[PDB]
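K.L.:
Structure provided below as structure tokens; questions to follow.
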Amino acid sequence: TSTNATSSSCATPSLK
Amino acid sequence: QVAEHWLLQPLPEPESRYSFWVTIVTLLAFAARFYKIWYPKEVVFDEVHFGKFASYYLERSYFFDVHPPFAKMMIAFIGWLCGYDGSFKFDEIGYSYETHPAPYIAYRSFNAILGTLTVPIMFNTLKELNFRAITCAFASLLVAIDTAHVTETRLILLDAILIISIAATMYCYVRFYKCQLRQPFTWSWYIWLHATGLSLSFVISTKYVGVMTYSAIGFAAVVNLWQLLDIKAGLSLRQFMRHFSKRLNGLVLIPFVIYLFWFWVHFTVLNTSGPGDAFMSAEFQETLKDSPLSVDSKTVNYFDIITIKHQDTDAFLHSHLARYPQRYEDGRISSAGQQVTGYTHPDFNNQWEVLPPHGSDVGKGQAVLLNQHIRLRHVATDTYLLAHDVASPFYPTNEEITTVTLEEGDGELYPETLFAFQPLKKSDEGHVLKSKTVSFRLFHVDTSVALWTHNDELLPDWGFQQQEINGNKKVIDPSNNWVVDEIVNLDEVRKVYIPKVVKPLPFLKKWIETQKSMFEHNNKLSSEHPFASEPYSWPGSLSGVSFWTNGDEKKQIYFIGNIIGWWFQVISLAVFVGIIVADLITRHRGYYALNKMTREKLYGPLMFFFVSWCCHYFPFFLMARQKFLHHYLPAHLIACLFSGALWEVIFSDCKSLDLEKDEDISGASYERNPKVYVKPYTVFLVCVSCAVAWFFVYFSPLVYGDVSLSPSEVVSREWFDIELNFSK
Amino acid sequence: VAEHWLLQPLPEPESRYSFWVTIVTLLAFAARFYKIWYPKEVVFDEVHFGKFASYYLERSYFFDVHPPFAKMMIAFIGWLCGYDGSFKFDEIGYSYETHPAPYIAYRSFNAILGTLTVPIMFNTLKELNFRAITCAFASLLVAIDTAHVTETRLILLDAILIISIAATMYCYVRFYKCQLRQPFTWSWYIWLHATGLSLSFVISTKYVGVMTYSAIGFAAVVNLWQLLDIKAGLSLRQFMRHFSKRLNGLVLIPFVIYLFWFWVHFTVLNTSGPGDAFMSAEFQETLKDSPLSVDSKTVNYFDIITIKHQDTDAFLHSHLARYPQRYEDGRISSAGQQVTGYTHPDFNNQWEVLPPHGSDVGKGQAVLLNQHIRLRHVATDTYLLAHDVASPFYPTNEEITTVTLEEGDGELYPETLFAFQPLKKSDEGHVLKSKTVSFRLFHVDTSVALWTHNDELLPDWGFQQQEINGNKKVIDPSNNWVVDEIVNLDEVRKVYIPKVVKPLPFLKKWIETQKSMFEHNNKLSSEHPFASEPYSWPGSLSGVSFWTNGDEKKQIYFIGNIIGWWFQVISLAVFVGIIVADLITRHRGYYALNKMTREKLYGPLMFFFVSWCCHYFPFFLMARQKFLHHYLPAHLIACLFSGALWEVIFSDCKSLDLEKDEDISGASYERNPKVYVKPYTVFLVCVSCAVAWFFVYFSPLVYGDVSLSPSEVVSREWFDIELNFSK
């Protein structure tokens, strides 16, 4: 698996 | 009063020039936001949160969030106008809008309208501060074609509603202040006071960062109340108290009632139990109805006959006496076993009995727990479900799902008959399985695959054009999700539903509880997002945020400011501080360099915007929670107004008539209409506008995500701490 | 500011001031020297500052987050006692009888400084023209404060800090009176440089001393602003003379004295010690070997080494087990040999350091930092390798594996190249040594650093060992490794080997230590049970346990005199109310307050109020751990402030004419406002008796010398005060 460039396109958390 | 002589002047140009420039910059803002608004056809960034919240409003399902409800209810209201039911959950980034049609174009279009309407409000704010039409155009252009303001205001985000409400607040307050200077307590004075309050209510009802807008307007309102308290204002204490009580009502009490109204709507709409329940007390949860799914949900027991339904395709796990062909069309060898297929209609061949593992002490009427080993017996053929190291018809990497006789399945093939209702979350292991409410993966124990089905391609004539059921090795895939739909052999005692008696809670108690939970969770949630940024990096736009990536097309959306525009504003802020310090030093030496009218511009509108920018920037250095570049967009919005205004002043005849005399002294002569050097000023603004527009075009592939960039073109856009995907 | 007030003669004869300063100094002496030999054990942070005193006497290099001056003053008392530094103060409760440190002399030195703070505070108010009883009362609030007493009798830095702050305030008041009378006199220069010297001692004790620079800096800028006014009658040349002399006396000279203490620190500490791990190899080359033993063994090519992670204590480990062909998220691994972090020493921790293929580098040559190397795993006879395959837990980080000798000498040769990358660029080309030289294990081809963590362990296929991965954030401090052991060390290399001391320029040595000080101070973000937030300090709502004896049920507890602290909170609130009322009434054309009352309010009281603000509000902007002792500088200023404020309240504050501003040039005003001495003295005696009653009631917890019954312990528990032996 090629390693990612920018960590990953992810969201902001909303708690549990 | 502050800038009284400047703000009471007639407009410096005919209204037709303002109407021309506001139309042009609004059309540019419209074009920039509506360009390819249907693209990408996938969930982007925080659309996973705000799209999901829109769905829960339509379903009336209770959810918890750290932000107030108004902006999420506005998004949900667009879905409601489209007749959307809330079926699509926006669970992950990259989810296709084609498989489950959410009205995403309508949601994105609503935000694009609000982002577009921000631009003429900004224009009219400077027009009302008596700036030239070109100055109003330029300051509004800096927002119309800013890459960050464009990216945010075309996606399903709260920031379009926040930014327009901040722009409307600034505009309404400027209008109120001009009415205050002309004639206080007029009908127009009341309209603009309550319009400022209404806009302030929408700001704080969108995000708690809206307290910075209350602080900016509150400071300006206190400064003006301080001028009205002066004996030189000629007001009696009764007239002053009338100003105070009316402003307190219009700027605090009414906005607070409107803020509470949005929570009252939120709790009236969300009247069913939902994912928010875990954040609230049992007493709050007693105010919620059972979910329609929970009313019909029955505990699944061993020896129950069940139907198992796929979440994405609505197909039932189905089997019949037909067999796989000895060879598939690609020449791979099948087991020639009994077919297991996905069938969209309820029949007797959808019926599976849940059996415990051989030699278990588990009897009839005991609940099945998640992640326990089970066997599934097909009721119509009297065979056990089986998965094995045979490749599936369409997917060479996935396993064929079949069935085996009771004798063979109780013999050597016993391990290959072991399944588990694997929970979607590890926290849910060992919970009781229930129909309709508990999603699971149907996990095969021996080969470690999950049962999966699809509806893009159907089995050939030998499989009756039914969906394929196969063992997917990508177990964690959300498309591997199943639910128990019905329990066919349910006892009459288990059929009886006892409805929960809804208990009422007083609104203020309900609101205080939710509000405490909001502040407590906002303060916690400590994490390290690969995109958190500190306040010192924001005015430089030194880093951005990845919003979306497509690996196959090498396309991406990246959230970043227009660096030329942002640096031009940093220079503008620094130049203004230099001008104010120089004016203060020179005056302290008895040297009066600046004309009265230039000072009214500097210490009135420019100081108002500078302090307003300070209120939206400096408080973030005192915040220990996670922060992000989008938190600066309110400050950038004010910095656009400020920079346009500042450069008009710099290109004006700023000189005092007499350098030894203070023109602020009562009875001093001063130049009332300082000449703007329009020709060099317009050339300067055109040069800066062309540079900002060039940057916007150069970054447009990253704003829209619609163009694939070569790795060298990606690397050419990497500077400072900007990390882009596909640079390799 | 306050020119007419501060130029008045003293309101009372000098004999009254001499009487009251003597009484309050004797009370302060009695409170600090009471049972100074008790407990005969190490208390609280005596474990740190006693230990640092020992390392100065041994000349052993140590690292600390605070500047050296106050620790050198403690060590200097040990040196005067002929103490050798044998006792280490390792734990709280260690007896001073088994290993005699001069602890009575150290405690007595702090008790002297704490006692001498009181007459400096007294004389500060005397110089601000307050009455002798006012000076006595403000100084009494510090003389018999439970927190100031507890801290200034133990081996702590705070006695040196607090006296230096008191001396700074006093010297600045003296300087300001000389400035009002006649600038550029010999006395003006003495007091300017004395303020600078005292400011240098404040910042050379603790970095919180920047708050004292801010307080004096603000007052100095306000006065420079008045001297810049055309109405001051100064030419720009005379103003620039004021500016350049104050810049020299308050910034340049104090900075040279601050650097002088680091120069002494590095000259005294010339031997290798526990501080070495915080410094570069180039800094460590300036240190002599300890007269004892040093395991800093040079690593040579063909040495067999163990490589240990600094944060997790795990060894770089490998074994014949392989990565699973797919991870749980469905990513494809290399199916290569596993490289893992293992916390126990074994044969699978052994790596041979090999030079790059075709190098002329033979057996017994030292490995240099940032040179290309290869690591051969001794147990499997494979080369360490990193490649563009994602790690098990981190999709952005690289999987670390091993390759056969044949493949690693073939096409995969570039992927076997590592470097011991130095933490500092200054350390490139230095000799690698075991235990002393930290490095990043850097992969040359993909530009990643080897990293490991202990928050999540590999699944059953990885034996619940730590993951080893190639972190793309190379500069991350968690990527730090050390060579722990050299397994194949020759008998000649086992015996001690001398060291040629290499000189480093002082400014380079100081800049390195200073960066390390700020970086480590900012990393003090762990949770501590006795940590307290700034909002709780003015109320003294919680304290800190300093010492406990289980057998005798005795304890020392650090807390403020709550009556004294609440009296100061009330004083601060009343003053804000007075200033707001004066501003509102003036804006209405009503001039309630006499000019002389305003000179007291907007001069000395505002100076102390702003100085208190500088020592209190900046702590709300600090995200590091904080404690109640951080408020003692602010409390010290609040004592001066409260004494001064209540003299003003008990003065004839009324203007002669409520319709006329007495600040207008040529207005008549009362120059000698009468103090209502009788009711004022009764009021001060009542408050002093209440503060003294509280100090006596808490004295068992200040001294630790009296066992309290559980009911008497519980009677002293209020708010968030948790005491030992309440059960």
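Residue numbers start at 1 in each chain; chains themselves are named A, B, ... in the order of the structure tokens; ligands are numbered from 1 in the order shown.
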Check which residues of chain A sit at most 8 Å from chain C using only C-alpha atoms, and return one row each with the closest pair of atoms and their distance in Å to one decimal, ordered by chain and rising number, as JSON lines.

P.N.:
{"residue": "A:1", "atom": "CA", "partner": "C:389", "partner_atom": "CA", "distance": 4.8}
{"residue": "A:2", "atom": "CA", "partner": "C:389", "partner_atom": "CA", "distance": 5.1}
{"residue": "A:3", "atom": "CA", "partner": "C:390", "partner_atom": "CA", "distance": 4.6}
{"residue": "A:4", "atom": "CA", "partner": "C:396", "partner_atom": "CA", "distance": 4.3}
{"residue": "A:5", "atom": "CA", "partner": "C:396", "partner_atom": "CA", "distance": 6.5}
{"residue": "A:6", "atom": "CA", "partner": "C:396", "partner_atom": "CA", "distance": 7.4}
{"residue": "A:7", "atom": "CA", "partner": "C:396", "partner_atom": "CA", "distance": 5.5}

K.L.:
Should the cut-off be 9 Å, what would the residue list for chain B against chain A look like, counting only C-alpha atoms, as a PDB file with C-alpha atoms, in the first residue's frame?

P.N.:
ATOM      1  CA  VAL B  44     -17.064  16.554   1.139  1.00  0.00           C
ATOM      2  CA  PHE B  45     -15.405  17.402   4.511  1.00  0.00           C
ATOM      3  CA  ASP B  46     -17.936  18.481   7.251  1.00  0.00           C
ATOM      4  CA  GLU B  47     -20.900  17.702   4.883  1.00  0.00           C
ATOM      5  CA  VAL B  48     -20.653  14.380   6.880  1.00  0.00           C
ATOM      6  CA  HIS B  49     -21.882  16.314   9.950  1.00  0.00           C
ATOM      7  CA  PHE B  64     -26.579  16.337  20.091  1.00  0.00           C
ATOM      8  CA  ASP B  65     -24.153  18.955  18.737  1.00  0.00           C
ATOM      9  CA  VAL B  66     -21.730  21.484  20.326  1.00  0.00           C
ATOM     10  CA  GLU B  92     -18.145   9.286   5.266  1.00  0.00           C
ATOM     11  CA  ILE B  93     -16.237  11.596   2.893  1.00  0.00           C
ATOM     12  CA  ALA B 278     -26.347   9.340  25.171  1.00  0.00           C
ATOM     13  CA  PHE B 279     -25.460  13.028  25.930  1.00  0.00           C
ATOM     14  CA  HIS B 521     -18.305  18.799  25.235  1.00  0.00           C
ATOM     15  CA  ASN B 522     -16.952  21.838  23.303  1.00  0.00           C
ATOM     16  CA  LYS B 524     -13.295  18.598  25.881  1.00  0.00           C
ATOM     17  CA  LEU B 525     -12.944  16.553  22.642  1.00  0.00           C
ATOM     18  CA  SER B 527      -7.620  15.603  19.622  1.00  0.00           C
ATOM     19  CA  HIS B 529      -6.481  16.686  13.599  1.00  0.00           C
ATOM     20  CA  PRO B 530      -3.746  16.650  10.860  1.00  0.00           C
ATOM     21  CA  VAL B 545      -7.186  21.975   5.171  1.00  0.00           C
ATOM     22  CA  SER B 546      -7.855  19.023   2.832  1.00  0.00           C
ATOM     23  CA  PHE B 547     -11.633  18.857   2.200  1.00  0.00           C
ATOM     24  CA  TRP B 548     -11.835  16.054  -0.400  1.00  0.00           C
ATOM     25  CA  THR B 549      -9.619  13.766  -2.535  1.00  0.00           C
ATOM     26  CA  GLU B 723       0.826  19.899   1.989  1.00  0.00           C
ATOM     27  CA  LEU B 724      -1.199  18.757  -1.063  1.00  0.00           C
ATOM     28  CA  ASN B 725      -2.231  15.267  -2.152  1.00  0.00           C
ATOM     29  CA  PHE B 726      -0.742  13.814  -5.401  1.00  0.00           C
ATOM     30  CA  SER B 727       2.620  15.721  -5.141  1.00  0.00           C
ATOM     31  CA  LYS B 728       4.361  12.325  -5.826  1.00  0.00           C
TER      32      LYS B 728
END

K.L.:
For residue 330 (chain B), find every residue with an atom within 10 Å (counting only C-alpha atoms), except residues of its own chain fewer than 3 positions away, and show them as a list in words.

P.N.:
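Here the answer would be residues 327, 333, 393, 394 and 396 of chain B.
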
K.L.:
Do a neighbour search on residue 478 (chain C) at 10 Å with only C-alpha atoms, toss out local chain neighbours closer than 2 positions, and write the hits as a ChimeraX atom specification.

P.N.:
/C:309-312,440,449-453,471,473-476,480-481

K.L.:
Taking N, CA, C and O atoms for each residue, export the selection above as a PDB file, in the first residue's frame.

P.N.:
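The new file part00.pdb reads:
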ATOM      1  N   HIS C 309      14.375   3.156  22.322  1.00  0.00           N
ATOM      2  CA  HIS C 309      13.513   4.314  22.168  1.00  0.00           C
ATOM      3  C   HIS C 309      13.473   5.133  23.457  1.00  0.00           C
ATOM      4  O   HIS C 309      13.382   4.555  24.542  1.00  0.00           O
ATOM      5  N   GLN C 310      13.551   6.460  23.360  1.00  0.00           N
ATOM      6  CA  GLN C 310      13.653   7.310  24.553  1.00  0.00           C
ATOM      7  C   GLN C 310      12.338   7.430  25.327  1.00  0.00           C
ATOM      8  O   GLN C 310      12.374   7.430  26.551  1.00  0.00           O
ATOM      9  N   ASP C 311      11.201   7.481  24.629  1.00  0.00           N
ATOM     10  CA  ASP C 311       9.910   7.754  25.270  1.00  0.00           C
ATOM     11  C   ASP C 311       9.213   6.488  25.785  1.00  0.00           C
ATOM     12  O   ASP C 311       8.497   6.528  26.783  1.00  0.00           O
ATOM     13  N   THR C 312       9.398   5.351  25.105  1.00  0.00           N
ATOM     14  CA  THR C 312       8.695   4.094  25.436  1.00  0.00           C
ATOM     15  C   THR C 312       9.592   3.036  26.068  1.00  0.00           C
ATOM     16  O   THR C 312       9.109   1.957  26.412  1.00  0.00           O
ATOM     17  N   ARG C 440      17.882  10.407  15.667  1.00  0.00           N
ATOM     18  CA  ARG C 440      16.777   9.828  14.903  1.00  0.00           C
ATOM     19  C   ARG C 440      17.352   8.771  13.979  1.00  0.00           C
ATOM     20  O   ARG C 440      18.360   9.026  13.317  1.00  0.00           O
ATOM     21  N   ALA C 449      11.774   8.966   9.600  1.00  0.00           N
ATOM     22  CA  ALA C 449      12.454   8.555  10.828  1.00  0.00           C
ATOM     23  C   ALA C 449      11.724   7.382  11.476  1.00  0.00           C
ATOM     24  O   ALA C 449      10.496   7.392  11.550  1.00  0.00           O
ATOM     25  N   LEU C 450      12.465   6.391  11.969  1.00  0.00           N
ATOM     26  CA  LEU C 450      11.873   5.298  12.730  1.00  0.00           C
ATOM     27  C   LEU C 450      11.256   5.821  14.026  1.00  0.00           C
ATOM     28  O   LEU C 450      11.871   6.604  14.750  1.00  0.00           O
ATOM     29  N   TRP C 451      10.054   5.346  14.309  1.00  0.00           N
ATOM     30  CA  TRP C 451       9.224   5.782  15.417  1.00  0.00           C
ATOM     31  C   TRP C 451       8.457   4.606  16.017  1.00  0.00           C
ATOM     32  O   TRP C 451       8.189   3.617  15.329  1.00  0.00           O
ATOM     33  N   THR C 452       8.109   4.721  17.295  1.00  0.00           N
ATOM     34  CA  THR C 452       7.274   3.753  18.005  1.00  0.00           C
ATOM     35  C   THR C 452       6.426   4.435  19.071  1.00  0.00           C
ATOM     36  O   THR C 452       6.729   5.545  19.515  1.00  0.00           O
ATOM     37  N   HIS C 453       5.368   3.758  19.490  1.00  0.00           N
ATOM     38  CA  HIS C 453       4.379   4.248  20.436  1.00  0.00           C
ATOM     39  C   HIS C 453       3.874   3.097  21.315  1.00  0.00           C
ATOM     40  O   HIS C 453       4.133   1.921  21.039  1.00  0.00           O
ATOM     41  N   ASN C 471       7.997   7.355  10.366  1.00  0.00           N
ATOM     42  CA  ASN C 471       7.286   8.611  10.536  1.00  0.00           C
ATOM     43  C   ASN C 471       7.822   9.695   9.583  1.00  0.00           C
ATOM     44  O   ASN C 471       8.997  10.070   9.612  1.00  0.00           O
ATOM     45  N   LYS C 473       6.992  12.861   9.795  1.00  0.00           N
ATOM     46  CA  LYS C 473       7.312  14.012  10.652  1.00  0.00           C
ATOM     47  C   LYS C 473       8.662  13.797  11.329  1.00  0.00           C
ATOM     48  O   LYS C 473       8.735  13.661  12.540  1.00  0.00           O
ATOM     49  N   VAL C 474       9.743  13.801  10.552  1.00  0.00           N
ATOM     50  CA  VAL C 474      11.102  13.475  11.019  1.00  0.00           C
ATOM     51  C   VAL C 474      11.503  14.253  12.277  1.00  0.00           C
ATOM     52  O   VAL C 474      12.076  13.688  13.197  1.00  0.00           O
ATOM     53  N   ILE C 475      11.172  15.545  12.348  1.00  0.00           N
ATOM     54  CA  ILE C 475      11.624  16.439  13.425  1.00  0.00           C
ATOM     55  C   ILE C 475      10.927  16.140  14.767  1.00  0.00           C
ATOM     56  O   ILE C 475      11.416  16.603  15.796  1.00  0.00           O
ATOM     57  N   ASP C 476       9.854  15.333  14.768  1.00  0.00           N
ATOM     58  CA  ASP C 476       9.103  14.970  15.971  1.00  0.00           C
ATOM     59  C   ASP C 476      10.043  14.435  17.074  1.00  0.00           C
ATOM     60  O   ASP C 476      10.834  13.521  16.810  1.00  0.00           O
ATOM     61  N   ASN C 480      13.056   9.854  18.830  1.00  0.00           N
ATOM     62  CA  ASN C 480      14.398   9.839  19.400  1.00  0.00           C
ATOM     63  C   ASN C 480      14.780   8.454  19.934  1.00  0.00           C
ATOM     64  O   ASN C 480      14.072   7.827  20.727  1.00  0.00           O
ATOM     65  N   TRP C 481      15.977   8.022  19.561  1.00  0.00           N
ATOM     66  CA  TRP C 481      16.586   6.757  19.944  1.00  0.00           C
ATOM     67  C   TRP C 481      17.964   6.986  20.557  1.00  0.00           C
ATOM     68  O   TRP C 481      18.607   8.018  20.346  1.00  0.00           O
TER      69      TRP C 481
END

K.L.:
Give me, as a ChimeraX atom specification, all polymer residues having an atom no more than 9 Å from residue 351 (chain C), counting only C-alpha atoms and skipping those fewer than 3 positions away in the same chain.

P.N.:
/C:303-307,316-317,348,375-379,384

K.L.:
Restricted to N, CA, C and O atoms, what would the selected residues look like written as a PDB file, in the first residue's frame?

P.N.:
ATOM      1  N   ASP C 303      30.380  -3.093  15.355  1.00  0.00           N
ATOM      2  CA  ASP C 303      29.836  -3.286  16.697  1.00  0.00           C
ATOM      3  C   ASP C 303      28.394  -3.817  16.600  1.00  0.00           C
ATOM      4  O   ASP C 303      27.606  -3.392  15.750  1.00  0.00           O
ATOM      5  N   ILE C 304      28.053  -4.740  17.500  1.00  0.00           N
ATOM      6  CA  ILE C 304      26.698  -5.247  17.717  1.00  0.00           C
ATOM      7  C   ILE C 304      26.085  -4.419  18.835  1.00  0.00           C
ATOM      8  O   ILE C 304      26.600  -4.410  19.956  1.00  0.00           O
ATOM      9  N   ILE C 305      24.995  -3.732  18.528  1.00  0.00           N
ATOM     10  CA  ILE C 305      24.357  -2.755  19.401  1.00  0.00           C
ATOM     11  C   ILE C 305      22.891  -3.095  19.658  1.00  0.00           C
ATOM     12  O   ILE C 305      22.230  -3.726  18.836  1.00  0.00           O
ATOM     13  N   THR C 306      22.381  -2.615  20.787  1.00  0.00           N
ATOM     14  CA  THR C 306      20.946  -2.511  21.048  1.00  0.00           C
ATOM     15  C   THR C 306      20.525  -1.048  20.923  1.00  0.00           C
ATOM     16  O   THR C 306      21.210  -0.140  21.403  1.00  0.00           O
ATOM     17  N   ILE C 307      19.410  -0.796  20.237  1.00  0.00           N
ATOM     18  CA  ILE C 307      18.896   0.555  19.989  1.00  0.00           C
ATOM     19  C   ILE C 307      17.590   0.695  20.758  1.00  0.00           C
ATOM     20  O   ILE C 307      16.677  -0.097  20.553  1.00  0.00           O
ATOM     21  N   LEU C 316      14.523  -1.657  19.510  1.00  0.00           N
ATOM     22  CA  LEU C 316      14.355  -2.069  18.119  1.00  0.00           C
ATOM     23  C   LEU C 316      14.577  -3.584  18.032  1.00  0.00           C
ATOM     24  O   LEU C 316      15.665  -4.081  18.323  1.00  0.00           O
ATOM     25  N   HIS C 317      13.545  -4.309  17.628  1.00  0.00           N
ATOM     26  CA  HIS C 317      13.479  -5.757  17.725  1.00  0.00           C
ATOM     27  C   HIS C 317      12.988  -6.363  16.406  1.00  0.00           C
ATOM     28  O   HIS C 317      12.176  -5.766  15.703  1.00  0.00           O
ATOM     29  N   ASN C 348      17.112 -10.882  19.925  1.00  0.00           N
ATOM     30  CA  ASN C 348      16.422 -10.271  18.794  1.00  0.00           C
ATOM     31  C   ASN C 348      16.457  -8.729  18.834  1.00  0.00           C
ATOM     32  O   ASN C 348      15.940  -8.063  17.940  1.00  0.00           O
ATOM     33  N   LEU C 375      21.977  -1.589   8.986  1.00  0.00           N
ATOM     34  CA  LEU C 375      21.775  -2.359  10.210  1.00  0.00           C
ATOM     35  C   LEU C 375      21.438  -3.790   9.823  1.00  0.00           C
ATOM     36  O   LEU C 375      20.463  -4.019   9.111  1.00  0.00           O
ATOM     37  N   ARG C 376      22.244  -4.749  10.277  1.00  0.00           N
ATOM     38  CA  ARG C 376      21.975  -6.176  10.084  1.00  0.00           C
ATOM     39  C   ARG C 376      21.441  -6.768  11.370  1.00  0.00           C
ATOM     40  O   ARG C 376      22.104  -6.692  12.402  1.00  0.00           O
ATOM     41  N   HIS C 377      20.263  -7.366  11.313  1.00  0.00           N
ATOM     42  CA  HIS C 377      19.703  -8.080  12.444  1.00  0.00           C
ATOM     43  C   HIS C 377      20.488  -9.374  12.673  1.00  0.00           C
ATOM     44  O   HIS C 377      20.542 -10.237  11.794  1.00  0.00           O
ATOM     45  N   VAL C 378      21.098  -9.524  13.848  1.00  0.00           N
ATOM     46  CA  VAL C 378      22.044 -10.621  14.110  1.00  0.00           C
ATOM     47  C   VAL C 378      21.346 -11.982  14.126  1.00  0.00           C
ATOM     48  O   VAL C 378      21.916 -12.966  13.661  1.00  0.00           O
ATOM     49  N   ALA C 379      20.110 -12.057  14.634  1.00  0.00           N
ATOM     50  CA  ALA C 379      19.427 -13.336  14.808  1.00  0.00           C
ATOM     51  C   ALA C 379      18.863 -13.924  13.506  1.00  0.00           C
ATOM     52  O   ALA C 379      18.815 -15.146  13.364  1.00  0.00           O
ATOM     53  N   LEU C 384      17.941  -4.329   7.873  1.00  0.00           N
ATOM     54  CA  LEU C 384      16.829  -3.413   8.094  1.00  0.00           C
ATOM     55  C   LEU C 384      16.481  -2.700   6.783  1.00  0.00           C
ATOM     56  O   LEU C 384      17.385  -2.290   6.052  1.00  0.00           O
TER      57      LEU C 384
END

K.L.:
Do you have the CA of residue 553 (chain B)-CA of residue 694 (chain B) distance handy?

P.N.:
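Calculated distance between CA of residue 553 (chain B) and CA of residue 694 (chain B) is 25.2 Å.
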
K.L.:
Compare C:659, C:285, C:313, C:328 by their minimum atom-to-atom distance to chain B, counting only C-alpha atoms, and give me the closest one.

P.N.:
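The shortest atom-to-atom distance to chain B comes from C:328.
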
K.L.:
Would you give me, as a Markdown table, each residue of chain C having an atom within 7 Å of an atom of chain B, along with its shortest atom pair and that distance in Å to one decimal, using only C-alpha atoms and sorting by chain and residue number?

P.N.:
| residue | atom | partner | partner_atom | distance |
| --- | --- | --- | --- | --- |
| C:229 | CA | B:588 | CA | 6.4 |
| C:230 | CA | B:589 | CA | 6.3 |
| C:329 | CA | B:476 | CA | 6.6 |
| C:330 | CA | B:474 | CA | 5.6 |
| C:587 | CA | B:230 | CA | 6.3 |
| C:588 | CA | B:231 | CA | 6.2 |
| C:621 | CA | B:622 | CA | 5.6 |

K.L.:
Selected residues, N, CA and C atoms, written as an mmCIF file, in the first residue's frame, please.

P.N.:
data_model
loop_
_atom_site.group_PDB
_atom_site.id
_atom_site.type_symbol
_atom_site.label_atom_id
_atom_site.label_comp_id
_atom_site.auth_asym_id
_atom_site.auth_seq_id
_atom_site.Cartn_x
_atom_site.Cartn_y
_atom_site.Cartn_z
ATOM 1 N N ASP C 229 6.192 64.867 26.617
ATOM 2 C CA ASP C 229 5.253 65.981 26.477
ATOM 3 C C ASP C 229 6.009 67.317 26.383
ATOM 4 N N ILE C 230 5.623 68.160 25.426
ATOM 5 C CA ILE C 230 6.158 69.518 25.240
ATOM 6 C C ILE C 230 6.019 70.338 26.533
ATOM 7 N N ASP C 329 -7.746 -3.139 8.100
ATOM 8 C CA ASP C 329 -8.397 -2.133 7.252
ATOM 9 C C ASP C 329 -8.347 -2.465 5.745
ATOM 10 N N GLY C 330 -7.753 -3.603 5.381
ATOM 11 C CA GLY C 330 -7.677 -4.109 4.016
ATOM 12 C C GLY C 330 -6.486 -3.613 3.197
ATOM 13 N N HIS C 587 -17.051 63.063 34.921
ATOM 14 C CA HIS C 587 -17.729 63.186 33.631
ATOM 15 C C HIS C 587 -19.067 63.943 33.738
ATOM 16 N N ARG C 588 -19.650 64.002 34.938
ATOM 17 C CA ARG C 588 -20.857 64.769 35.266
ATOM 18 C C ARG C 588 -20.568 66.180 35.795
ATOM 19 N N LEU C 621 -3.398 33.196 30.400
ATOM 20 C CA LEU C 621 -2.939 32.937 29.035
ATOM 21 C C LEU C 621 -1.944 31.763 28.964
#

K.L.:
Residues near region 574-582 of chain C, anyone? I mean within 10 Å using only C-alpha atoms, not counting same-chain ones fewer than 3 positions away, as a list in words.

P.N.:
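So the residues in contact are residues 568, 569, 570, 571, 585, 586, 587, 588, 590, 591, 592, 593, 598, 601, 602, 605, 606, 609, 641, 642, 645, 646 and 649 of chain C.
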
K.L.:
So which bits of region 387-587 of chain B end up alpha helix (DSSP H) when you DSSP the backbone, as a VMD selection string?

P.N.:
chain B and resid 406 to 409 492 to 495 507 to 523 563 to 587

K.L.:
As a ChimeraX atom specification, which residues of region 266-433 of chain B does DSSP assign to strand (DSSP E)?

P.N.:
/B:305-310,316-323,338-343,351-355,373-378,383-391,399-405,419-423

K.L.:
Can you tell me, as JSON, numbers by chain, what residues are no more than 7 Å from residue 326 (chain B) when counting only C-alpha atoms, ignoring any on the same chain fewer than 6 positions away?

P.N.:
{"B": [333, 334, 335, 336]}
